[PDB]
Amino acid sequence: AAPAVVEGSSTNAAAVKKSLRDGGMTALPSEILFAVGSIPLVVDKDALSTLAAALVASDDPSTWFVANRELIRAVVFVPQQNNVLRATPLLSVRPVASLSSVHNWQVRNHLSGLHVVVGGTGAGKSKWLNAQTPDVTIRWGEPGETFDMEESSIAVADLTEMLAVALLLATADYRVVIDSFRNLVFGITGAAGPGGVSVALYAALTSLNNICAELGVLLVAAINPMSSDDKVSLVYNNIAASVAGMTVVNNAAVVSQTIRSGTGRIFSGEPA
């Protein structure tokens, strides 16, 4: 059954006993509750692995994908229990890493998690990403362009669809790039850190990173945190401290790169 969209009562014992999917507080063994800013989210990891295996097994993955877009959307959802995060203050996602879940991205053994590609509007993030020959590009919160006509570009509307689609394809062993996390930068607000960027963005990036790590996948996402010019280095350090990997691009070329690999953390750099 589809996740409930009716708001679940937080004062009724019968409502609260139901699963997160069904508007209650009780997580099923397949459900992982997490948060991005004040937004609660659930990923159904077991439904995710099953849908990805079905996609891989299908006669035509492109046809299967179109035919099952609603089932896929149900993999990541906002649980609708009222005040659902009330029992889990300062909710992050359990940090995990395995030498048995590494990925060929920039280095042969990148840990599972999130790799962000950072730079301003003239950085050439999309150009550099296209040159890394990904299998699919998830297009989110960006203006429509000729690139969207490609079969390998998948358009999504909200955060839950973006995550459901990207996690599905990454689980199915596609190299997934998300263009972009613009709406996360714009939407995840609150107290700013010494760089001028909301600290809830760093916590959100670690939450998304650790959901990818738990699911043994790698997601690559473009992001422009729009730091003030005097604090760019601090903001970029805070982003690197939140995720499995980070590439800074300028003129569609790598300025710096840092990755948490199966054999240790590495750092590279080349001034523009």
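The numbering used is simple: start at 1 and walk along the sequence shown.
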property: Comparing 143-151 with 109-117, the one whose average Cα B-factor in the PDB entry is higher; result: 143-151
property: Higher-B stretch (mean Cα B-factor, as the entry records it), 50-58 or 241-249; result: 50-58
property: Largest Cα B-factor, entry values, listed residues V78, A164, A123, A157; result: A123
property: Options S180, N83, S100, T88 - largest CA temperature factor per the record; result: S100
property: Chain thirds of CA B-factor: placement of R175; result: middle
property: Record-listed C-alpha B factor of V66: chain third; result: highest
property: Position of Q132 among the chain's modelled residues by C-alpha B-factor, lowest, middle or highest third; result: highest
property: CA B-factor ranking of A191, expressed as a third of its chain; result: highest
property: For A13, the third of its chain into which the C-alpha B factor falls; result: highest
